[PDB]
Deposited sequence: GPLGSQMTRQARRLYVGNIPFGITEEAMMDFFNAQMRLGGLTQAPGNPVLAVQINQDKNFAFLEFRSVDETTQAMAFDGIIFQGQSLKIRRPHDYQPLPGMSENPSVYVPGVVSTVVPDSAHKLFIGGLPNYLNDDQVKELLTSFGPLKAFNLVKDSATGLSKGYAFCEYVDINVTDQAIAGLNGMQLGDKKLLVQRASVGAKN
């Protein structure tokens, strides 16, 4: 495509499932965007995928600026149990999707009054599983399971924010102290124990 808009037609995709091929990634995004009506014309919006195997991220290149922007709305989409972290390239300079997709929960969890910290999670649970645990109390607005920056594996804690701020206290009362195997969950507002 045009060299002039290249930076506005590419996205960083982190937290990709181990072993995923570039072809699988491309088919997944192309399918998800088409099935979701996130396309502006017939055909496949994603033109290329470059995976960095060692760091578990990919860069996707799109055929248009507007479809790239729409793809940002898939941040947090679940792919093989993993919440995909979709971000602009750091060298991108304008941009906000004009359509939200059901069933996608952002992985951007800004510090805020009702941001929750969830500690003591068993390390074998994937994003989808921890998210299902939390969504028992209500729909989430944002969620991120912290991963080992070397192996991409869970570090045993997460942060989230519910759509309804009133669920925050219900989740604390229900989950704080709960026993999971030998672990005991710590669920509190993240501001309380922030570094």
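Absent C-alpha positions map to the deposited sequence ranges 1-3, 98-102, 204, in order along the chain.
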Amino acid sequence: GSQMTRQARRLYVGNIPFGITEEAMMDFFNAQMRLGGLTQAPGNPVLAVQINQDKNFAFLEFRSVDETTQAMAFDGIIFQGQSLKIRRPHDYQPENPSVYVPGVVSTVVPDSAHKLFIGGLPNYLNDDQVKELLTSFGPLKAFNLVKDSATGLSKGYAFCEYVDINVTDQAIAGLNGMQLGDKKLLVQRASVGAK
From here on, numbers count along this sequence of modelled residues.
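Just going by the entry, 60-68 versus 143-151 on mean CA temperature factor gives the higher value to 143-151.
The PDB entry reports B-factors from which the mean C-alpha value can be compared for 37-45 and 163-171; the larger average falls on 37-45. By the numbers in the PDB entry, the CA B factor is greatest at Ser98 among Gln80, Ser112, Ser98, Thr107. The residue among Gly119, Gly76, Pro89, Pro94 whose C-alpha atom has the highest B-factor in the PDB entry is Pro94. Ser191: CA B factor in the middle third of modelled residues in this chain (values from the PDB entry). Remark: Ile20 belongs to the highest third of its chain, ranked by C-alpha B-factor as recorded.
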